[PDB]
Amino acid sequence: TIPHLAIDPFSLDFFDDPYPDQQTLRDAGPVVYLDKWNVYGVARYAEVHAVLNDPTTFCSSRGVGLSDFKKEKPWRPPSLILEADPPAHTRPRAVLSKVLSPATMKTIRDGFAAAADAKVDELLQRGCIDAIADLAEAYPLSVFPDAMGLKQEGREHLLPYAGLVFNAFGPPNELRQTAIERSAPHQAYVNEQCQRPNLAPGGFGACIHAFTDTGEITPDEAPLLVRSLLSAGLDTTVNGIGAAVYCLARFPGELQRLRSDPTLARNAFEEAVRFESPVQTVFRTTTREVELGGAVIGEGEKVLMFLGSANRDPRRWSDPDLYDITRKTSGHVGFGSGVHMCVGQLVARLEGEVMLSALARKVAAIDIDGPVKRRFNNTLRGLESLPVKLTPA
Ligand code: HEM
Ligand SMILES: O=C(O)c1ccc(-c2ccccc2)cc1
Ligand SMILES: [Cl-]
Ligand SMILES: [Mg+2]
């Protein structure tokens with residue numbers, strides 16, 4: 001009843017160009033079985049959205065990667081938010097929502113925007129730059145560690161640690177096994193920075209620890225919630241901003257529309273999140289036998305959701321393969337959907353908005369002028385190198 005496919009969605013060939021195989025996965029049926037890894041797959045918008053919005057049936061506490069925490073020990077203690085179901089999920093979620101709230105955004109926006117303007121001005125003096133190392137990485141590194149309250153020393157561990165986290169959701173391929181092999185120094189650094197005395201006053205980490213006396217979390221929960229922000233809070237934004245610059249580089253007409261109305265910056269970034277889907281995949285585990293798209297999935301089965309495919313499903317989107325900065329993007333699943341929908345989305349959107357605003361006001365053209373190199377990760381989609389010439393406005 002359910003089609004079986006041999007496509008490996010974690011192979012380098014798939015990462016290099018996922019779109020034909022994602023169409024094959026969508027068109028095979030609402031639910032497929034991936035023989036390579038013994039998981040169910042859903043690649044259409046409708047079923048991805050339905051799964052994400054039924055956390056009781058499709059749980060997260062058995063892991064949101066291939067590994068089933070009921071079968072294998074996780075490589076690090078489980079996240080108290082990502083790898084938890086209601087009700088254990090609810091109060092940690094509420095604390096991070098208040099830490100990364102509108103009022104926090106109001107406190108950090110002016111500095112985030114100044115840093116974005118400064119970075120674009122600096123890049124314009126160089127002219128020819130690498131929009132990954134020099135922009136998509138450099139800008140979040142210039143604002144997010146400071147907003148966390150991290151000391152300066154050791155920050156070189158942050159991107160390696162996040163690459164490890166996101167590779168570890170994948171199957172036991174070389175990408176994952178090599179990441180785990182190299183992990184010990186990065187885990188050591190990150191775990192130490194999660195302790196209250198190592199987080200500067202006023203930053204996100206100190207705020208998490210300050211929430212430990214309300215009855216929502218206890219002091220022993222705060223280090224792992226800081227760990228959540230150091231896991232998910234940087235590499236995601238690197239690939240989101242890199243996606244937006246890559247889109248503007250490939251669609252000069254959309255750069256020109258953005259220049260003409262810089263208030264499109266926030267939606268131009270949201271559209272880049274839909275179009276590239278820097279977070280490609282999440283898993284769930286069934287807690288019962290369940291009917292989904294006419295297939296009966298047994299209890300205890302891993303289900304793989306193709307967020308990037310859902311975001312390009314023509315059943316849901318008009319001209320899905322077009323980058324359109326005035327698209328109505330509401331409903332895309334690039335930040336997830338439902339109770340686990342990205343709790344950091346306001347930080348992500350703030351960074352993306354102020355960077356695209358700086359580009360809109362200061363840059364007249366973005367021209368690829370060197371070999372583009374992709375960066376391979378089991379969960380994240382993005383580039384290793386994006387050589388561009390920036391022409392000043
Ligand atoms: C463009 C940037 C980002 C993208 C595309 C993204 C994507 C996502 C997605 C798809 C999920 C849902 C995972 C699931 O359903 O299992 C998620 C959850 C999460 N993200 Fe983001 N994220 C981004 C930025 C950030 C930032 C900046 C932070 C923190 C500062 C962050 C922290 C988290 C956390 C803690 C969760 C778990 C929430 C929960 O389980 O309730 N993310 N993210
Ligand atoms: O450590 C955390 O809590 C954390 C790690 C990774 C993510 C993540 C985001 C999107 C997809 C998969 C995982 C979320 C939270
Ligand atoms: Cl760790
Ligand atoms: Mg068929």
Side-chain angles (χ1 to χ4, degrees), residues 1-3 5 7 9 14-15 17-34 39-58 60 64 236 239-240 243-244 246-248 250-251 253-254 257-258 264 266-284 286 290-295 297 302-343 345 348-349 352 379-382:
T1 299
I2 183 167
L5 293 95
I7 291 168
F14 183 102
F15 299 144
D17 175 21
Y19 300 114
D21 283 347
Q22 293 180 344
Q23 176 173 5
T24 300
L25 294 166
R26 287 191 301 269
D27 290 356
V31 177
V32 302
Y33 196 81
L34 299 174
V39 305
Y40 292 82
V42 295
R44 300 175 186 181
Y45 183 87
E47 285 74 32
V48 169
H49 185 275
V51 170
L52 293 173
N53 280 282
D54 184 357
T56 299
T57 305
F58 303 95
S60 294
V64 302
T236 51
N239 288 303
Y246 195 30
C247 290
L248 292 167
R250 290 173 293 169
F251 296 86
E254 293 304 278
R257 294 211 293 157
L258 174 63
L264 292 172
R266 201 163 171 97
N267 205 59
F269 178 75
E270 200 78 10
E271 173 66 347
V273 173
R274 177 201 70 85
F275 185 90
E276 287 300 329
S277 294
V279 173
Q280 290 272 292
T281 43
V282 296
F283 295 79
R284 300 291 194 257
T286 58
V290 57
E291 288 86 46
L292 179 67
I297 305 173
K302 285 281 175 169
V303 182
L304 175 57
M305 272 56 65
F306 291 86
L307 304 182
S309 172
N311 283 338
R312 281 169 176 258
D313 181 0
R315 298 159 186 82
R316 170 65 180 76
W317 307 96
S318 176
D319 300 310
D321 300 333
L322 293 188
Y323 179 70
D324 175 8
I325 70 177
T326 55
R327 183 185 300 273
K328 296 175 316 294
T329 57
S330 183
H332 78 82
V333 290
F335 291 113
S337 183
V339 302
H340 293 273
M341 185 182 180
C342 179
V343 71
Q345 61 191 256
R349 291 178 179 137
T379 304
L380 301 175
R381 168 166 168 89

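We number each residue from 1, following the sequence as shown. Atom set for the values below is all heavy atoms of this structure, side chains included, hydrogens, waters and symmetry mates excluded.
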K.L.:
To the nearest 0.5 Å, what is the distance between CZ (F275) and CG (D321)?
P.N.:
6.5 Å
K.L.:
Would you mind checking if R250 and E276 are paired as a salt bridge, meaning a charged N to carboxylate O distance below 4.0 Å?
P.N.:
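Salt bridge flag = yes for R250 with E276.
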K.L.:
Which value, rounded to the nearest 0.5 Å, describes the distance between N267 atom CG and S330 atom OG?
P.N.:
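Those atoms lie 10.0 Å apart.
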K.L.:
Mind checking what makes ring-ring contact (aromatic ring centres under 6.0 Å, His included) contact with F335, not counting sequence neighbours?
P.N.:
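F335: ring-ring contact (aromatic ring centres under 6.0 Å, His included) contacts with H332.
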K.L.:
Indicate the atoms forming the closest heavy-atom contact of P3 with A28, along with that distance.
P.N.:
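Between these two residues, the closest heavy atoms are CG-O, 3.5 Å.
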K.L.:
Using a 3.5 Å distance criterion without hydrogens, assess whether the side chain of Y323 forms a donor-acceptor pair with backbone atoms of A268.
P.N.:
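It does hold such a pair.
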K.L.:
When rounded to the nearest 0.5 angstrom, what distance separates CZ in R349 from CD in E270?
P.N.:
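Here the interatomic distance stands at 4.0 Å.
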K.L.:
Would you mind reporting whether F306 and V42 have side-chain heavy atoms less than 4.5 Å apart?
P.N.:
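Sidechains of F306 and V42: no contact.
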K.L.:
How close do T236 and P278 get, counting heavy atoms only, and between which atoms?
P.N.:
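Nearest heavy atoms, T236 then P278: O-CB, 4.4 Å.
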K.L.:
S309 pairs by side-chain hydrogen bond (donor to acceptor under 3.5 Å, both in side chains) with which of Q280, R26, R44?
P.N.:
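Among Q280, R26, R44, the one meeting side-chain hydrogen bond (donor to acceptor under 3.5 Å, both in side chains) with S309 is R26.
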K.L.:
I want to check a possible cation-pi pair here: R284 against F58, using under 6.0 Å from ring centre and within 45° of the ring axis as the test.
P.N.:
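No, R284 does not sit over the ring of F58.
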K.L.:
Check whether any side-chain heavy atom of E254 lies under 4.5 Å from a side-chain heavy atom of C247, and answer yes or no.
P.N.:
no
K.L.:
If you compare all heavy atoms of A43 against all heavy atoms of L25, which two are closest, and at what distance to 0.1 Å?
P.N.:
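Looking at all heavy atoms of both residues, the shortest contact is CB-CB, 3.9 Å.
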K.L.:
Determine the minimum heavy-atom distance between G338 and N53, stating which atoms define it.
P.N.:
CA-OD1, 3.5 Å
K.L.:
Main chain of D324, side chain of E271: is a donor-acceptor contact present, judged purely on distance under 3.5 Å?
P.N.:
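Flag set: sc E271 to bb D324 pair under 3.5 Å.
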K.L.:
Please identify each residue that fulfils ring-ring contact (aromatic ring centres under 6.0 Å, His included) with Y33, with sequence neighbours left out.
P.N.:
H4, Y40
K.L.:
Does some side-chain heavy atom of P9 sit less than 4.5 Å from a side-chain heavy atom of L34?
P.N.:
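When only atoms from C-beta onward are counted, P9 and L34 do touch, with a gap below 4.5 Å.
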K.L.:
Might you point out which heavy atoms bring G334 and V273 nearest each other, and give the distance in Å?
P.N.:
CA-CG1, 4.0 Å
K.L.:
Please check: side-chain N/O of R327 versus main-chain N/O of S318, any donor-acceptor pairing under 3.5 Å?
P.N.:
yes
K.L.:
Kindly compute the distance separating CD (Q22) from CD1 (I7), expressed to the nearest 0.5 Å.
P.N.:
9.5 Å
K.L.:
Using the six-membered ring of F15, assess whether NZ or CZ of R381 lies under 6.0 Å from its centre and within 45 degrees of the ring axis.
P.N.:
no
K.L.:
I want to check something: taking the side chain as every heavy atom from C-beta on, are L5 and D21 in contact at a cut-off of under 4.5 Å?
P.N.:
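The answer is no, as the side chains (C-beta and beyond) never meet within the 4.5 Å cut-off.
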K.L.:
Which atom pair, heavy atoms only, marks the closest approach of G382 to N239?
P.N.:
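Minimum heavy-atom separation between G382 and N239: CA-OD1, 3.4 Å.
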K.L.:
So how far is it from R257 CZ to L264 CG, rounded to the nearest 0.5 Å?
P.N.:
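Reported to 0.5 Å precision, the distance equals 7.0 Å.
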K.L.:
Below 30° counts as parallel, above 60° as perpendicular, anything between as tilted: where do the rings of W317 and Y45 land?
P.N.:
perpendicular
K.L.:
Which value, rounded to the nearest 0.5 Å, describes the distance between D313 atom CG and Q23 atom CD?
P.N.:
10.0 Å
K.L.:
Starting from the C-alpha separation in whole Å, work towards a yes-or-no answer on side-chain contact (heavy atoms from CB on, under 4.5 Å) for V39 and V303.
P.N.:
CA-CA 6 Å; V39 305; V303 182; over 6 Å; no
K.L.:
Would you check if the side chain of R274 reaches a backbone N or O of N311 as a donor-acceptor pair within less than 3.5 Å?
P.N.:
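Side chain of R274 to backbone of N311, a donor-acceptor pair under 3.5 Å: yes, one is there.
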